Each structure stands twice: as structure tokens, then as C-alpha cells.
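Chemist: part one of the complex, untouched from its place in the assembly:
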Amino acid sequence: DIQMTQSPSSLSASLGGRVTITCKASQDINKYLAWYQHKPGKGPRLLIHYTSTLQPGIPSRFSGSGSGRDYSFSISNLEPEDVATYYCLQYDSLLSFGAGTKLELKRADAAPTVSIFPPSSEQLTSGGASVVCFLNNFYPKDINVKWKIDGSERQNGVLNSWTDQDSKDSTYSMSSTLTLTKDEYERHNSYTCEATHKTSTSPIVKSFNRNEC
């Protein structure tokens, strides 16, 4: 009926800098545009209505502007607590949101702390074997995790999971799990995960052998 295309899907920015999100309507919406901030574990917070009127109690660091079809929203002196996802909302005819913008902060590069974990006795008795590898507190977000079994790269059986930006230190973390059957897990000796990240020329390699204990 009326589409809002919100123009950066994601973005990283430094503390003290400025952030701008554009929101573009399919037809003229007569300045009937509101802006929402959405954090994990809360309902959306109304920031601005009628294109640029600050809701009461909203920092003056937040501003909006536009007319006709094209609209802008800005945060001026970025603070750590502006991390969130933001949405525009037209209310000229019916209601619809832009797809949203995920805002995260820049920090100095951090290298990942890598840890590998063998399958437990409990799980082996069950007939399964997971090898878990944590890549914790790194920056920036982009990281690669590679698994090798006896030196051959392995892609099946791998489940990756990744956190959102940590509120305490602005780092990211990621978890990778290679799940085999017990019989297949016993046919091989070495299990290694390699973390490739721009903080290092050579990947961080962590490895397990069923070779003592």
C-alpha cells in the first residue's frame, strides 16, 4: 500500500560521531513520519513524530527532517547507549515501517581468544560427538572459522552462532560446533579450528587430539 525503504540496513560508527538514516516513501506522506529506537528486551521507544518533533524526554542529539517522500534521521554526538535498531514509521495512510537499521559502535581492533573443547563422556555414551570452539571478544565483527579433521577441511556438521555487540566492551563473540557421530569421531585423530581475523597475519589455530588423558 505504502512502502518505506530504510536505506542503511546496518552501520558501525565511532563514539562522538554522527549517524544518518534515510527513509524513503513510495508516495508523498505529508511529513507523517515517526522514528523508533528498539533495544533487546524492550518495546520500541518513540523518538520523533511528524518528521522532526522530539518526543518529550528524548535527547536533543536526535533529529529528523524531510518532506514529501524523502526523510532523514540523525544522531549527532554518538554515545554508547544509542546502540539499537531504529525504525521509521509512516502514518499518512495506514501504517508501515522501514525495514530497520542496526547500529553498533567502533572500537580498536581486538583479537579473538580461541578455545577448543572435546566431546564429553556424557555425549559420547549417547552416540554423538561435538567439538566446540569459542572465538571470544574480537573486533571487528568479520571473522572466519575453519575446521580441519586430520588436516582435511570439513564443512558438514558445523553450526556457527554469533553474538550481537557486547554492551560492556563493544567486542563480538562467535561459537562454532562440529557435530559427528561417535563412530565417525573415533576414525580420526586431530580436530582443529582456525580463526582468521584481520588482527593477525596467520590464523589462530586451536586443536585437540584424542591422544592422552
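Modeler: Perfect, I can see it now. Residues are numbered from 1 along each chain as shown, chains lettered A, B, ... in the order given.
Chemist: quick one, longest helix in chain A?
Modeler: helix A:121-126 (DSSP state H).
Chemist: Quick one: residues in contact with that one.
Modeler: A:129-130, A:182, A:185 (Cβ atoms under 8 Å, 6 or more residues apart in numbering). From N, CA and C alone the C-beta is placed, and that goes for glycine too.
Chemist: okay, it in PDB with CA atoms only?
Modeler: C-alpha atoms of helix A:121-126 as PDB (Å, rounded to 0.1, in the frame of the first residue of the first chain):
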ATOM      1  CA  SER A 121      31.700 -38.600  28.200                       C
ATOM      2  CA  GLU A 122      28.000 -37.900  28.600                       C
ATOM      3  CA  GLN A 123      27.600 -37.100  24.900                       C
ATOM      4  CA  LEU A 124      29.900 -39.900  23.700                       C
ATOM      5  CA  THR A 125      27.800 -42.500  25.600                       C
ATOM      6  CA  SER A 126      24.800 -41.100  23.800                       C
END
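Chemist: Now do the contacts for residue A:208.
Modeler: Residue A:208 neighbours (Cβ under 8 Å, 6+ apart): A:116-118, A:131, A:190-192.
Chemist: again, but for residue A:36
Modeler: Contacts of residue A:36 (Cβ under 8 Å, 6+ apart): A:44-47, A:86-89, A:97.
Chemist: coming back round to it: among the contacts of residue A:208, name the ones in strands.
Modeler: Among those, the ones falling in strands (DSSP state E) are A:116-117, A:131, A:190-192.
Chemist: May I have the secondary structure class of residue A:99?
Modeler: Secondary structure state of residue A:99, per DSSP: H, G, I helix; E, B strand; the rest coil, is coil.
Chemist: Correct me if wrong: it contacts residue A:6.
Modeler: Yes: the pair residue A:99 / residue A:6 is scored as a contact, 5.3 Å apart, by Cβ atoms under 8 Å.
Chemist: neighbour count winner among these two?
Modeler: Using other Cβ atoms under 10 Å as the criterion, residue A:99 and residue A:6 rank with residue A:6 on top: 19 against 14.
Chemist: Count the neighbours of the nearest residue to the more buried one once chain neighbours are set aside for me.
Modeler: Using Cβ to Cβ, 6 or more residues apart in numbering and skipping the chain neighbours, the partner closest in space to residue A:6 is residue A:98 (2.8 Å). Neighbour count for residue A:98, taken as other Cβ under 10 Å: 26.
Chemist: to the structure above, add chain B:
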Amino acid sequence: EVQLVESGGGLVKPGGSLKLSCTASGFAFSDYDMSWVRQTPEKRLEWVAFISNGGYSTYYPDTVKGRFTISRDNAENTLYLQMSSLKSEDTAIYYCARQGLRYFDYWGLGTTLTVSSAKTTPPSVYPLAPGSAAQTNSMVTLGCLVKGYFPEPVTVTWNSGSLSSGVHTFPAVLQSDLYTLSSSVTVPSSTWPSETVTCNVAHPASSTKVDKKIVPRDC
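Modeler: One more piece, chain B, placed on the ones above:
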């Protein structure tokens, strides 16, 4: 003060039916237009249903028209959303919203609906220990693999909540009909296995609790 509290979310099979509720307090409920808004897992926000203050006007987007019914009981300060013929795309967190104004201002915190054929299943919980003194210096990372449960969520804590600072619990990932999740904790190595470290996992939908303890050598 203006308060909106949703309830009744849960797990429902494709084709099935569920009725959400939203309880209001802190304002003249019968004076206000009301809406439902959902947040999809791709983090999209979608106007689900609208109802006028007296209940005589109602609006639905085409995605849910003919399947969703919004109603309200003004005597009991309660708003309802009746869903039927539920589809996989209806999986979302459903928000109650008050609409004195054209735009939303007041929201609830949401109730979750999972539409899926997968059956309820408690998780298996496995310890994650370094072992062999393989990699161990100043701090040591321990973990906890939470495997094969449905539906979401689980709650993971460490030492029944005493260890809260060095913790990463990772989002669950679905592997046909079952979720897996992991959780890491970092403590000083002079305190483990010195003192004990145990992860606790509660799965609401199966009412299970499991505390697993992390034991020196996993090798």
C-alpha cells in the same frame, strides 16, 4: 501509569489457532484505539491488527486478513488477538500497542508465538572442559553445550548466577526440529578446579532443570 502486558503466547502447529491477550492498566482503557504489532525473526516490524476504542472499527493487513480477529473487552481492560490457520510466517513476538495517536507511543513488552510442527523436547546438557592442561594459563574458559531442545527458550546461568561477568551465551541455532546453544564462562585458573564451576539450564516448555558441573579433564 500507562501499562500494557501481553500473555498467551506459545507453540502452535501449522494450521492451528491461538488467542493472545493484552491487559491494560493506568488509563481509561475504553477511551483508546488499540493495535497489535509483531516483530518477525528477521527483525521486521509489522502492524498486525487495529481496533477502535469502542470495538466498532477494525483493520488488518492482507497478510492476516481472514485469519486474524482483534477484539476487546472494555469492562475487563483486556485486548485480544485471535489467530487461526496459523502459518510459519506468523512466528513472531507480538506487541500490544495503545493508539491515542496516529503513531504508536506506548507498547507492551511482547509475547512470543512459535508456529512449527516440531515437538517439545528437553535439552541435553554437556560440560565443556579444557583437559590435559592442554591450553591453560592465567584465565581459563569453560563452557556448556545445550543440545536438542524445542522450542525456545532456555535460560543458562553459571554457579546459579554467582558468576555473571565473564559469560557468553550464544543465540540458539535450529538444526531441523531441534535447537542447539552454547555458553562460555571465563574464570581465573587458580579458582578452578580449586572451586567448582557448574552451568544451570532451565527449559520452560518442558519444565526441566539440569545443573552440569565442569570436571577437570575432558580429553
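Chemist: again for the contacts of residue A:208, chain B present now?
Modeler: With contact taken as Cβ atoms under 8 Å, 6 or more residues apart in numbering or on different chains, residue A:208 is in contact with A:116-118, A:131, A:190-192, B:134, B:219.
Chemist: in its sheet, what does the host helix or strand of it sit against?
Modeler: Element membership for residue A:208 (DSSP states H and E) is strand A:204-209. Using DSSP bridges, the strands paired with strand A:204-209 are strand A:190-196 (antiparallel).
Chemist: mind listing what's buried in the partner strand?
Modeler: Buried residues in strand A:190-196, counted by 16 or more other Cβ atoms under 10 Å in any protein chain shown: A:191-195.
Chemist: go on, stretch A:172-183?
Modeler: Within stretch A:172-183, the residues that count as buried by 16+ other Cβ under 10 Å are A:172-180.
Chemist: Output the strand holding residue A:208 as PDB, nothing but the C-alphas.
Modeler: The C-alpha coordinates for strand A:204-209 follow below in PDB (Å, rounded to 0.1, in the frame of the first residue of the first chain):
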ATOM      1  CA  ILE A 204      44.900 -18.600  15.400                       C
ATOM      2  CA  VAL A 205      44.900 -22.400  15.400                       C
ATOM      3  CA  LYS A 206      43.500 -24.400  18.400                       C
ATOM      4  CA  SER A 207      43.500 -28.200  18.200                       C
ATOM      5  CA  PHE A 208      42.500 -31.400  20.100                       C
ATOM      6  CA  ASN A 209      43.900 -34.900  19.700                       C
END
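Chemist: Go through that strand and flag the buried ones.
Modeler: For strand A:204-209, by 16+ other Cβ under 10 Å, it's A:204, A:206, A:208.
Chemist: which residues touch residue 96?
Modeler: Defaulting to chain A. Here residue A:96 is in contact with A:1-4, A:89-90, B:47 (Cβ under 8 Å, 6+ apart).
Chemist: my bad, chain B
Modeler: Residue B:96 makes contact with B:4-6, B:22, B:34-36, B:79, B:107-108 under the criterion Cβ under 8 Å, 6+ apart.
Chemist: now do 10 Å
Modeler: Residue B:96 makes contact with A:43, B:4-7, B:20-24, B:34-37, B:79, B:81, B:106-111 under the criterion Cβ atoms under 10 Å, 6 or more residues apart in numbering or on different chains.
Chemist: Mind giving me the PyMOL select for the residues you listed, buried ones only?
Modeler: Applied in PyMOL, the following selects the buried portion of those according to 16+ other Cβ under 10 Å:
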select buried, (chain A and resi 43) or (chain B and resi 4+6+20+21+22+23+24+34+35+36+37+79+81+106+107+108+110+111)
